[PDB]
Amino acid sequence: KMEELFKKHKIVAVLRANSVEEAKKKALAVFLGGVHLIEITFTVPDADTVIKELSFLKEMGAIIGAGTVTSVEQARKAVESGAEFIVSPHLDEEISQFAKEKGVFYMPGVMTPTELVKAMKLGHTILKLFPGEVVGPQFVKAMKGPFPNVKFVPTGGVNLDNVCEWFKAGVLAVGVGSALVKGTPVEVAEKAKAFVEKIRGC
């Protein structure tokens, strides 16, 4: 499921907006840009309500899932409001077991090999390289040797100049944020079409 969706689409989107309207406007803008994967991070107030309202974009063909889920109650709200996947910045055994029971694709974040191996010993083989500005481009490549069976989703410090410089190193789907979602929807929606063409280029 989610694994092959990620492999096929090749980009996610982490939306951080302050109102509960500018969320919907930028969700629509990125959709028209070409991005079918949308992540509603719970820093947006009533982000469960925002997912519930964007429900109609699942019909047109988008994928709406939570983000920055740091507690079991937040995971409860996300899975109730129809989020298709969960994303946290840190490992959480409790959230992992809950998502295992409920059958929801959970994608924890890892920074160092101890965290990484603690993850792999629990089942999640592809994780979130938070942050890909500190750890860098040469961490996933330098760590293909020891572990060649894990694939990363480098959510941090991603832009035009090094968007497929991480695809060359073997990442799945570079989750992007503030490079996209910044400005009027007519610019958010036109600047997503420059990442999607560049990812589809390399």
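Residues numbered from 1 in each chain as written, not as in the entry; some residues may be left out. Heavy atoms only, no water. Residues with missing side-chain atoms left out of burial classes, pairs and counts.

**Q** Is there a simple way to explain the pattern of salt bridges in this structure?
**A** Where charged atoms from two side chains of opposite charge approach closely, those side chains can pair. Summed over the entire model, instances satisfying the criterion amount to two salt bridges. Here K25 and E21 are joined by a salt bridge, their closest N and O atoms 3.5 Å apart. Exposure remark for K25: the relative accessible area of 41% places this residue in the partly exposed category. With a closest N to O distance of 3.5 Å, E53 and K24 form a salt bridge. Of the two residues, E53 sits in helix α3 (residues 47-60) while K24 sits in helix α2 (residues 22-33), which places them 29 residues apart along the sequence. With relative accessibility at 35%, the residue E53 sits in the partly exposed group. Exposure remark for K24: the relative accessible area of 18% places this residue in the buried category. (Salt bridge = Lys/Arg side-chain N within 4 Å of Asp/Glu carboxyl O. Buried < 20%, exposed > 50% of the residue type's maximum accessible area, 1.4 Å probe, protein only. Helix = DSSP H or I, 4+ residues; strand = E, 2+ residues; numbered from the N terminus.)

**Q** What is the right way to read the environment of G67 from this model?
**A** Tracing the backbone shows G67 in strand β3 (residues 63-67). Taking the C-alpha atoms as reference, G67 lies 3.9 Å from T41; in sequence the two are 26 residues apart.

**Q** Sorry, what's going on with the state of the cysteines here?
**A** By definition, a disulfide links the sulfur atoms of two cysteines through a covalent bond. One pass over the full model with this rule turns up one disulfide. Between the sulfur atoms of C164 and its disulfide partner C202 the distance amounts to 2.0 Å. Of this pair, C164 sits in the loop between α6 (113-120) and α7 (185-201) while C202 sits in the segment after α7, and the two are 38 residues apart along the sequence. (Disulfide = S-S within 2.5 Å.)

**Q** Looking at this structure, I do not really get the UniProt feature "binding site: pyruvate" (unreviewed entry) in the chain. What am I missing?
**A** In this structure's numbering, the residues bearing the UniProt feature "binding site: pyruvate" (unreviewed entry) are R16, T68 and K128. Along the chain, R16 falls in the loop between β1 (14-15) and α2. Look at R16 and you get partly exposed, because its relative accessible area is 47%. Along the polypeptide, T68 turns up in the loop between β3 and α4 (72-80). (UniProt positions renumbered as here; feature names shortened; annotations may be inferred.)

**Q** Got a minute to help me understand unusual backbone geometry in this structure?
**A** Most of the time, phi is negative for any residue but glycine, and the peptide bond is trans. Put simply, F130 and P131 share a cis peptide bond, and its omega is -5°. For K10, which is not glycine, the phi torsion reads 80° and is therefore positive. Relative to the assigned elements, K10 resides in the loop between α1 (2-9) and β1. Of note, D46 is a non-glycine position whose phi angle comes to about 55°, a positive value. Position of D46 among the secondary structure elements: in the loop between β2 (37-41) and α3.

**Q** How should I be thinking about the sheet that holds β3 in this particular structure?
**A** Strand pairing in a sheet relies on backbone hydrogen bonds. The paired strands run either parallel or antiparallel. Taken in spatial order, the three strands make up an open sheet running β1-β2-β3, and their pairing is parallel. Two strands bound the open sheet, and with one partner strand each, they are β1 and β3. Pairing of β2 with β3, which is carried by five bridges, proceeds in the parallel orientation. Among the inter-strand pairings, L37 is bridged to a residue of β3, identified as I63. (Pairing = 2+ DSSP bridges.)

**Q** Is there a simple way to explain the pairing of β3 in this structure?
**A** Regular strands show a simple pattern: their side chains alternate between the two faces of the sheet. In terms of burial, β3 is a largely internal element, five of the five residues being buried. Handedness of the crossover joining β2 and β3 through α3: right-handed. (Right-handed = clockwise from strand over helix to strand, strands pointing away.)

**Q** What's the story with the packing of aromatic side chains in this structure? I'm lost.
**A** For any pair of aromatic rings, geometry is given as the distance between the ring centres together with the angle between the planes. Per the stated rule, a full pass over the model turns up three aromatic pairs. When the ring of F139 is compared with that of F152, the centres are 6.1 Å apart and the planes differ by 35°; the resulting orientation is tilted. Residue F139 is found in the loop between α6 and α7, and its partner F152 is found in the loop between α6 and α7; the two are separated by 13 residues along the sequence. Judged by its relative accessible area of 0%, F152 falls in the buried class. For the cation-ring pair, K10 lies above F167, with the distance from its terminal atom to the ring centre recorded as 5.2 Å. The ring of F130 carries the charged tip of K128 above its face, separated from the ring centre by 5.4 Å. (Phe/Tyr/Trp six-rings, centres within 6.5 Å; stacked < 30°, edge-to-face > 60°. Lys NZ or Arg CZ within 6 Å of the ring centre and 35° of its normal.)

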